[PDB]
Structure formats: structure tokens, C-alpha cells
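S.K.: Questions regarding the structure given below will be posed in turn.
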2 protein chains.
Amino acid sequence: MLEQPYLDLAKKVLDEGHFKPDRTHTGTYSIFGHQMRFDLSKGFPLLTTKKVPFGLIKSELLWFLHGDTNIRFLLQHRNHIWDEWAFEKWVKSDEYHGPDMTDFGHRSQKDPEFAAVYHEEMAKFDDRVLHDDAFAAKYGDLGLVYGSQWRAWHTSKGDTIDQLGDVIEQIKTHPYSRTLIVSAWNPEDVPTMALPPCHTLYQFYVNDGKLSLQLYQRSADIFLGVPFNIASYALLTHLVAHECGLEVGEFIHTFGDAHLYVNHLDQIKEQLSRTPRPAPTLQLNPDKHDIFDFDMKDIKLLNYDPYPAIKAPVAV
Amino acid sequence: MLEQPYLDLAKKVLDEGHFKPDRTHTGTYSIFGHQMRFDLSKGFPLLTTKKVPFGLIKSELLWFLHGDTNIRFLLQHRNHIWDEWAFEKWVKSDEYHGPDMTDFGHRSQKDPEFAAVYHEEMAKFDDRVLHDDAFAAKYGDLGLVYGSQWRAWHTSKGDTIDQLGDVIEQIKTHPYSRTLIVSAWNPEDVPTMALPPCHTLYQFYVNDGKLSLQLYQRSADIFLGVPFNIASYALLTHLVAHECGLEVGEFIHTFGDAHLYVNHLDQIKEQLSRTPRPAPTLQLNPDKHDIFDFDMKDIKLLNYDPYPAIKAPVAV
């Protein structure tokens with residue numbers, strides 16, 4: 001079926017990947033260099049062998065597309081995917097007044113009573129960011145995340161570049177261009193960053209009136225990360241094609257270090273028991289075309305009929 | 001044999017690539033997204049099915065490694081691979097005094113008597129760059145080429161970053177790092193550039209005491225470009241491993257738009273008739289280890305036993 005490459009990637013790292021230690025200190029089985037391709041005319045690559053929350057991938061892409069870098073927009077959509085980053089910053093500050101929260105990441109997965117005190121501090125932070133404008137302005141702003149890298153690359157001349165906006169203009173006037181690239185990797189920021197981007201860069205390609213996109217992901221969590229990643233960029237490929245009056249081609253996913261954290265083996269093994277169901281269909285608002293002013297309601301996913309979700313521990 | 005992936009890439013674009021128009025206006029048969037991998041413990045991937053001048057790949061890599069951006073070093077090594085770029089600049093200037101040379105690229109391949117007047121202007125330019133210090137300083141300096149992108153990335157704070165030097169330090173102290181990346185793509189320069197880099201970025205990977213490298217090439221000329229490209233980065237993988245006291249792993253070559261210009265079909269077809277000979281062996285100076293102070297003599301290629309070279313027209 002449509003998602004078979006993903007299952008094949010998991011099987012391969014399972015019986016071919018070598019043990020490799022990592023940053024988090026949760027071992028991994030890793031492979032270097034892999035490539036999968038999805039034919040988007042065959043359907044949307046949202047995995048049917050595990051329930052994946054499209055709502056979260058949709059509102060995160062829109063946040064990127066608006067060149068927004070403030071958690072506030074996400075929280076308003078019940079999307080807590082980036083809270084940890086903002087929170088960290090709040091916690092590690094002069095204005096912070098409460099429990100140490102030091103290394104709140106592991107401590108929650110280890111201490112039961114801490115997971116409730118931390119879960120509280122965070123619960124308040126999210127409300128303050130939502131309601132206190134000066135707060136959101138100071139702690140809700142991540143600064144260097146995909147939204148600004150894509151739409152506001154800061155130049156040495158002090159200005160700001162809209163790579164994505166520019167490339168889309170280039171797809172419209174020079175379809176056969178071999179330089180339709182958007183990068184998220186800035187050598188001057190990366191060495192200080194908390195999370196240097198995993199989605200390093202992407203390239204568009206146009207031929208026979210069909211738009212294709214290739215993504216270079218430097219590091220990937222096969223079980224938890226990849227199911228989301230495939231959907232974000234397959235969606236992005238669709239949006240850009242809608243605006244450019246193009247048909248959709250393939251989404252090619254290239255990998256640097258593709259890995260399976262050692263505490264996800266039982267879960268990935270179980271998923272491999274399931275049998276892929278037909279793939280859902282993506283439907284976009286035909287009346288609206290300016291994808292930067294697109295909103296949650298402009299994108300619908302039809303026929304997603306997944307298997308139950310599989311819980312697994314976040315590699316801390 | 002060791003080079004089979006290259007021959008397989010050519011066959012595939014031959015009977016699977018679709019016709020796609022390009023910048024040069026010399027049609028191409030193109031594919032988007034491909035990946036080949038070379039096991040460097042099996043030998044050096046210098047093609048045996050066509051004679052490829054390793055001397056030119058060796059002195060071009062060293063020029064990059066020194067963070068040099070002046071043609072002068074190359075000319076001194078009888079390497080004219082970049083003259084066109086410097087020359088263009090000389091020709092299109094106030095100080096230039098001679099024949100129009102306008103569009104010297106096609107005009108040489110079309111006009112016989114022009115190919116000798118242009119061939120002359122260039123012949124002088126190369127000598128002036130070689131002997132006139134102030135000239136070399138002004139016209140021999142390309143500015144933004146791999147040497148400065150790798151070793152002198154200009155920051156917005158006015159400084160200069162040595163990505164390559166820094167990453168090598170990171171390979172030594174954090175082998176299992178998933179951020180060992182060197183980028184050549186700067187969003188602020190690229191939109192003005194003559195040749196935005198083809199070799200967008202590369203990533204190192206270390207496991208089981210072996211160093212691997214993956215390259216993302218956005219555009220590739222399968223017949224003329226790729227044979228060189230494979231060798232430059234396979235060599236780079238060896239040099240870095242030598243310095244880091246690591247063994248050599250694989251060189252993974254990833255492609256955006258891989259293409260065959262329409263006027264190279266007869267040549268590529270002929271090469272496909274040849275039968276790969278065993279691969280040469282690379283030998284580096286065991287006494288010297290600082291690869292930035294490496295010189296032509298520190299690197300030897302043993303047993304290269306190729307087929308005759310195949311001439312083909314440079315797509316102008």
C-alpha cells in the first residue's frame with residue numbers, strides 16, 4: 001500500500017541497523033542514508049497502521065506558513081507540541097518563581113508527584129501566554145523556528161528574507177528551475193540552538209505540470225517523529241501546488257541518521273503486524289488560493305480509517 | 001563492480017527520465033531524487049569505464065580545504081576548471097580592453113575564428129593573474145566559492161565561521177553527533193550568484209569507528225559532472241577520516257535533479273558498453289595528519305586502469 005515505504009524503513013532498521021549511542025542517552029538502532037518516495041496522486045500518506053493526529057500537523061504547518069514564531073497561535077488550537085521550548089526559557093529566568101523544575105523532562109517520566117507539580121507550572125504558563133500579551137511577547141516567542149527560517153531569514157545587512165515566498169514566485173515564473181530550494185540551516189545560529197533543525201532543507205521540482213518535493217532530514221525518530229514529518233511535507237507539497245496551479249507529484253523523503261530508540265522496539269514490532277488500510281484523501285479549499293492566508297477549515301482529510309494509536313515513551 | 005551505481009543511474013535516466021527543458025537551453029532527460037552509495041573499503045570510486053583526471057579533482061579539493069578563493073592557486077597547478085568565472089568578471093569591466101567576448105561560451109563552440117580570439121584573451125588573463133599580484137587580487141578572486149563557504153562563512157555580526165574546521169573538532173569530541181553538517185547554501189547570496197552551489201550540503205556520520213558522509217547535490221550533469229563529484233567527496237571522506245583517526249565507511253550521494261543533456265546520449269550509451277575494471281586504491285601520507293596543510297604529493301592513487309576518455313560537448 002501507499003505507506004509501505006515507512007513500514008519497510010522500520011523493518012530495515014530493525015534487522016540491519018547497528019546500535020548507536022545518542023544525545024538523549026536512550027540507545028538507538030541506526031542507519032545512515034535512506035530515501036522513500038510517495039506518489040501523492042495515489043493518496044495522502046497519513047499512516048493507517050497507527051492513529052496520527054492530523055489536526056496537530058495541520059495547525060503546525062499553518063503556524064510555519066504565517067512565519068509565526070509565537071506559541072500563542074498553537075495553544076489557541078490546543079497544540080502543545082512546542083510548549084516545552086517556551087517553558088524551558090520561562091523556567092530558566094529571573095522572573096520565574098516556583099519549584100526548581102530543573103530537568104523537568106526526565107523527572108516527570110521518573111517521579112509521579114513531580115509529573116503533577118511540573119504539569120501544573122506548565123498549565124499556568126500556557127494560560128499566561130494565552131492571556132498576558134506582554135508575557136506571550138517575551139516567553140511565547142521561540143525566535144528561531146521554521147516560521148522565521150522559512151519566511152524571515154535574517155541577513156547580515158540587517159534585513160529579512162522570505163525564502164518560501166520567493167521560491168513560490170520562482171515556481172510560477174521558472175518552473176524548470178533547479179534552484180527551487182528553501183533552507184532552515186543557518187551556520188551562525190545552529191551552534192547555540194537548543195534544537196538545530198531536523199528538517200534541514202527541501203527542494204521543489206516541476207515537470208509535466210506536476211510538482212514534486214524532496215526533503216533532507218538530518219535526524220529522524222522513526223517511530224514517533226517520522227509519521228508526523230511525512231504528513232507535514234506531503235501537505236506542504238499539496239498547498240504549494242494548489243497556489244501554483246500545478247498538479248501534485250511525489251514527496252521524496254531523504255534521511256541522514258534514521259533511527260529507532262531502543263525503548264520503542266515492542267511498539268514498532270506490533271505495528272508491523274497490522275495491515276495497511278487504503279489511504280485517506282486530501283481536500284483543499286478551491287476558492288481560496290493564497291496559502292499564506294489559509295486556515296484550519298480550508299483543508300479536509302477524507303476517509304482516514306486508522307488502527308488504534310500506540311503509546312510509547314518519549315525518549316528524554 | 002564498485003562503480004555500478006553510476007552506470008545504473010545513467011541507464012535509469014536513459015529509460016525512465018522525462019524530457020525537461022533547462023537554463024542552458026540544451027534539453028535534458030531528468031529524474032528527481034536518487035541515491036547511490038559507495039563502500040569506500042572496497043576501493044576508490046574513480047570511474048574505470050572512462051578516463052577521469054584525478055589530478056584536477058585533487059587540486060580543486062585542496063584549494064577548497066585551504067579556504068582559498070583565488071584562481072591563482074589552481075592555475076599554478078594547470079587547473080583551469082574555474083577560469084571561466086574569473087574571466088567573465090574581467091571581460092565585463094571598465095578595465096577590460098579588447099574584443100567584445102560577449103557570450104564567449106557559445107560563440108567558441110559555434111565560431112571557429114572566435115574560439116581562437118577568445119582562447120587568446122583567456123590565455124593572457126591566466127598569465128596576468130599568475131604574475132600580476134594586484135591583478136590576481138582583483139580578478140582572480142571569485143569571492144563566494146566552496147573555499148569561503150566551507151571555511152569562512154560570513155556572519156551578520158561581521159565575523160567569519162570555519163564550519164569545516166568546527167565540524168572536524170566535533171567529530172573528534174562527539175562522534176555520535178547527529179548535527180555534523182556543513183552547508184554551502186546561503187539564502188542571502190544565492191539570489192545574486194552566477195552559480196548557486198550544486199553541492200548544497202553534506203553530513204558526516206560515525207558508528208563502529210567508521211566515518212561515512214552523505215551529500216545533497218541539487219542538480220547534476222550525469223555524464224560530465226557526476227564522475228568528478230563522486231571523486232571529490234569520496235576523497236573528502238578519506239581525508240577527514242585520516243585526521244580523525246577513523247576508518248572509512250560509505251559515501252552516500254543523494255540527488256535532487258539528476259540529468260543527461262540531450263547532446264551526451266551517444267557518449268553515455270557507448271560508455272555503457274564498457275565493462276568495469278577493478279577499482280583503484282587511495283593512499284594518503286601517514287606522517288602528515290593536518291589535512292588543511294596537505295599538498296598534492298600527500299595523496300596517491302594506485303592502480304587506476306581506465307578505458308579511453310570520451311569527448312562530449314560542454315552544455316553551453
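Chain labels A, B, ... are given in the sequence in which chains occur in the C-alpha cells; within each chain residues are numbered consecutively from 1, and ligands are likewise numbered from 1 in the order shown.
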Could you pull out the helix (DSSP H, G or I) residues of region 118-296 of chain A from DSSP and send them as a PyMOL selection string?
M.R.: chain A and resi 118-131+133-140+146-151+163-173+226-243+262-271+291-293+296
S.K.: Compute the chain A side of the contact with chain B at 8 Å, counting only C-alpha atoms, and hand it back as a PyMOL selection string.
M.R.: chain A and resi 20-23+32-35+153+155-158+161+163+176-179+183+185-188+196+203+205+207+214+216+218-219+252+256-257
S.K.: Those residues you just picked out, can you put them in a file as a compact mmCIF listing (two decimals), in the first residue's frame with C-alpha atoms?
M.R.:
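This is the output file result-v2.txt:
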# COMPACT_ATOMS: atom_id res chain seq x y z
CA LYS A 20 24.49 3.68 18.14
CA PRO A 21 24.55 5.84 21.29
CA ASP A 22 22.93 9.30 21.27
CA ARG A 23 22.46 12.73 22.80
CA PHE A 32 22.62 6.41 7.62
CA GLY A 33 21.19 7.44 4.29
CA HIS A 34 17.76 6.25 3.21
CA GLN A 35 15.19 7.55 0.73
CA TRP A 153 15.77 34.73 7.23
CA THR A 155 20.51 38.88 6.65
CA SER A 156 23.92 40.34 7.60
CA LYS A 157 22.68 43.63 6.12
CA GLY A 158 20.03 43.62 8.84
CA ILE A 161 14.31 37.28 3.53
CA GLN A 163 12.70 32.27 1.08
CA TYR A 176 12.09 24.20 -14.69
CA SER A 177 14.49 25.90 -12.27
CA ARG A 178 16.97 23.67 -10.50
CA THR A 179 17.42 26.06 -7.61
CA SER A 183 16.97 26.07 3.72
CA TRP A 185 20.15 25.59 8.35
CA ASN A 186 21.98 28.78 9.35
CA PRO A 187 25.63 28.16 10.32
CA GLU A 188 25.74 31.14 12.66
CA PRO A 196 19.14 22.79 15.37
CA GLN A 203 13.71 21.26 -2.90
CA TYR A 205 10.88 20.20 -8.85
CA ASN A 207 7.96 18.63 -14.82
CA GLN A 214 12.35 16.34 -1.72
CA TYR A 216 16.63 16.29 3.59
CA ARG A 218 19.32 15.05 9.15
CA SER A 219 17.99 13.02 12.05
CA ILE A 252 10.69 12.19 -1.69
CA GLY A 256 20.67 11.33 7.25
CA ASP A 257 20.57 9.34 10.51
S.K.: I want to know what sits within 10 Å of residue 294 (chain A), based on only C-alpha atoms, with residues of the same chain fewer than 3 positions away left out; could you give that as a list in words?
M.R.: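 Here the qualifying residues turn out to be residues 62, 65, 66, 239, 284, 285, 288, 289, 290, 291, 297, 298 and 299 of chain A.
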S.K.: Would you mind writing down, as number ranges by chain, each residue of region 88-194 of chain B that DSSP on the backbone assigns to strand (DSSP E)?
M.R.: B: 153-154, 160-161, 181-183
S.K.: Could you write those residues out with C-alpha atoms, as a short mmCIF file (atom, residue, chain, number, x, y, z; two decimals), in the first residue's frame?
M.R.:
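Generated file (out_33.cif):
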data_model
loop_
_atom_site.label_atom_id
_atom_site.label_comp_id
_atom_site.auth_asym_id
_atom_site.auth_seq_id
_atom_site.Cartn_x
_atom_site.Cartn_y
_atom_site.Cartn_z
CA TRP B 153 31.03 31.74 6.31
CA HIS B 154 30.41 35.45 6.80
CA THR B 160 33.73 34.61 9.74
CA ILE B 161 32.87 30.94 10.58
CA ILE B 181 26.71 19.17 8.84
CA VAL B 182 28.49 21.65 6.55
CA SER B 183 26.26 23.85 4.35
#
S.K.: Determine, counting only C-alpha atoms, which protein, DNA and RNA residues have an atom within 8 Å of an atom of residue 79 (chain B); residues of the same chain fewer than 3 positions away are not included. Present the result as a list in words.
M.R.: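 Contacts, in chain order: residues 56, 59, 60, 74, 75, 76 and 82 of chain B.
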S.K.: For a quick check of understanding, using only C-alpha atoms, which of B:117, B:248, B:52, B:129 has the smallest distance to residue 90 (chain B)?
M.R.: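 Of B:117, B:248, B:52, B:129, the one nearest residue 90 (chain B), counting only C-alpha atoms, is B:129.
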S.K.: Hey, what's within 9 Å of residue 316 (chain B) if we count only C-alpha atoms and toss same-chain stuff fewer than 5 positions away? As a list in words, please?
M.R.: residues 24, 25, 26, 105, 106 and 109 of chain B
S.K.: Next, write the just-selected residues to a file, as a PDB file, in the first residue's frame, keeping N, CA, C and O atoms as the atom set.
M.R.:
ATOM      1  N   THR B  24      20.361  26.341 -19.629  1.00  0.00           N
ATOM      2  CA  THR B  24      21.254  26.411 -20.799  1.00  0.00           C
ATOM      3  C   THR B  24      20.558  26.330 -22.149  1.00  0.00           C
ATOM      4  O   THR B  24      21.150  26.623 -23.182  1.00  0.00           O
ATOM      5  N   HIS B  25      19.334  25.838 -22.134  1.00  0.00           N
ATOM      6  CA  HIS B  25      18.563  25.664 -23.345  1.00  0.00           C
ATOM      7  C   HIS B  25      19.025  24.473 -24.200  1.00  0.00           C
ATOM      8  O   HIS B  25      18.754  24.409 -25.393  1.00  0.00           O
ATOM      9  N   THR B  26      19.739  23.539 -23.573  1.00  0.00           N
ATOM     10  CA  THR B  26      20.174  22.303 -24.224  1.00  0.00           C
ATOM     11  C   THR B  26      19.310  21.292 -23.488  1.00  0.00           C
ATOM     12  O   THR B  26      19.566  21.029 -22.311  1.00  0.00           O
ATOM     13  N   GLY B 105      30.993  31.894 -24.322  1.00  0.00           N
ATOM     14  CA  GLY B 105      30.691  30.482 -24.144  1.00  0.00           C
ATOM     15  C   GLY B 105      30.178  29.744 -25.370  1.00  0.00           C
ATOM     16  O   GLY B 105      30.758  28.732 -25.777  1.00  0.00           O
ATOM     17  N   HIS B 106      29.083  30.228 -25.953  1.00  0.00           N
ATOM     18  CA  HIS B 106      28.509  29.583 -27.132  1.00  0.00           C
ATOM     19  C   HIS B 106      29.348  29.920 -28.357  1.00  0.00           C
ATOM     20  O   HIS B 106      29.763  29.036 -29.112  1.00  0.00           O
ATOM     21  N   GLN B 109      32.015  27.604 -29.349  1.00  0.00           N
ATOM     22  CA  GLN B 109      31.537  26.311 -29.823  1.00  0.00           C
ATOM     23  C   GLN B 109      30.827  26.435 -31.164  1.00  0.00           C
ATOM     24  O   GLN B 109      30.517  25.434 -31.813  1.00  0.00           O
TER      25      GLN B 109
END
